[PDB]
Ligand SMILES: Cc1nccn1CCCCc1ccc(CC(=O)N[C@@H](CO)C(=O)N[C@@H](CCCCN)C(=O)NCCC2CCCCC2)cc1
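Read the single chain below, which is given as structure tokens and is the form solved without the named molecule.
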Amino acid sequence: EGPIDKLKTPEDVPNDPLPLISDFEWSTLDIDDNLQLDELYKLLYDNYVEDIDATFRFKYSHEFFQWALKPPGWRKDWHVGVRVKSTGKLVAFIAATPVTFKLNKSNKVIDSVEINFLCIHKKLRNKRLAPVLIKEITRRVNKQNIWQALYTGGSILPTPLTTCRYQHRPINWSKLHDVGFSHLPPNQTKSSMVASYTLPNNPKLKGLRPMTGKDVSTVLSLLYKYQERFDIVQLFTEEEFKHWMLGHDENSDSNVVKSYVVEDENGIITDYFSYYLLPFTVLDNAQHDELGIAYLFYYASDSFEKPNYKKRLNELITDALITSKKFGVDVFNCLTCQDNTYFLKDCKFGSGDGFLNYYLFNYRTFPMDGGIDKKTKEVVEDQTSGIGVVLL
């Protein structure tokens, strides 16, 4: 387990951007300039429809971008676009956001970066631009003395850490059906389906309440003890954990990340969970314009050593599902990572067609379980996946 490249210094890294065919030019984006953020939003809206229904589009708000791209230490220099010289139009983009990972087996902590928002205009798909975008953002971070990067996607590149599968838990089945997200199984009716997904309106766990700034250190310690069971995890400073769990702005309740804690009868935090909101804009449907989507984020529980562990986790996620109902969520998603396969069945998460591959550039690691059978790709129940990180 360890780095792959012979190891050099920022000095040995080219000082200038890689060359591009004459029709294009690099353009560093300044997302604090609303006109440029507008450009990015448009590029994504039209062209970042990866493995999604043609009728859906990621609906990114200004608040979502603050949260996703501006954690402590973020750099404008790492928001790399490509413009067509003729008109100045934005046609490609790639980002790197700072992150710290830890490989539990070898006890290695690595300051890295997460590479995401890799977007290429649909008319430029045959220009082989992805590898160029990756080389350039990698050059920029190597200059900052960072030598490992995490990249995730459905694309098949060499040596993935592993592969997890998407899961979906219908919250408002009727609407999911009206827009084409969910299908009516063989011997079922819309009525049976809806009935089968009904949930309480109120969370069940006593002491469950929204997390606040004062809970940051306690939750962090709880997550740290808990995540020892995964192969790869994330470490945060308190300022970073605060940003990712509560939002960019400390004095305004986040509409993007929802974080909850459970404190027992004596006031001690024993469990916590978090999820983020990222809706889809829906096209060509006469009644619906938006589809509320939640994504399971980080969580942790006291009970991992006790015998009621599985039951407790399923109770935690059930309350997460219940709370999402007050935020317009229509489907609650998660992957087969962390200990997620312990609650998929009882909580009614169905397997989706999508898969996620994880790549840790410039680093060899032992194989990792992805929560699914290596050949069948079917969910394997109650198994701990080596993936303990969640990427937005």
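Each form is matched to the other, and the largest set of C-alpha atoms that superpose within 1.5 Å is called the rigid core. Just count from 1 along the sequence shown to find any residue number.
Only in words, not in the display: the form deposited with the named molecule bound, which the text now covers.
In short, of 24-32, 363-371, 321-329, 51-59 it is 51-59 that has heavy atoms within 4.5 Å of the named molecule in the deposited complex. By the criterion of a heavy atom within 4.5 Å, residue 234 is excluded from the residues contacting the named molecule in the deposited complex.
In the deposited complex, at least one heavy atom of residue 356 sits within 4.5 Å of the named molecule. Proximity of residue 152 to the named molecule in the deposited complex falls within the 4.5 Å heavy atom cutoff. Proximity of residue 351 to the named molecule in the deposited complex: non-hydrogen atoms within 4.5 Å are present. By the 4.5 Å heavy atom rule, the three marked residues 197, 280 and 392 all count as contacting the named molecule in the deposited complex.
Residue 182 is the only one of 163, 144, 182, 218 with a heavy atom lying within 4.5 Å of the named molecule in the deposited complex. Among 168, 108, 229, 310, the residue placing a heavy atom within 4.5 Å of the named molecule in the deposited complex is 168. Core superposition between this form and the one not shown leaves every listed residue (55, 351, 333, 357) with a C-alpha shift below 2 angstroms except 55. Superposition of the core reveals a Cα shift of less than 2 Å for residue 380 between this form and the one not shown. Relative to the superposed core, residue 126 undergoes a Cα shift smaller than 2 Å between this form and the one not shown.
With the core held fixed between this form and the one not shown, residue 282 has its Cα displaced by at least 2 Å.
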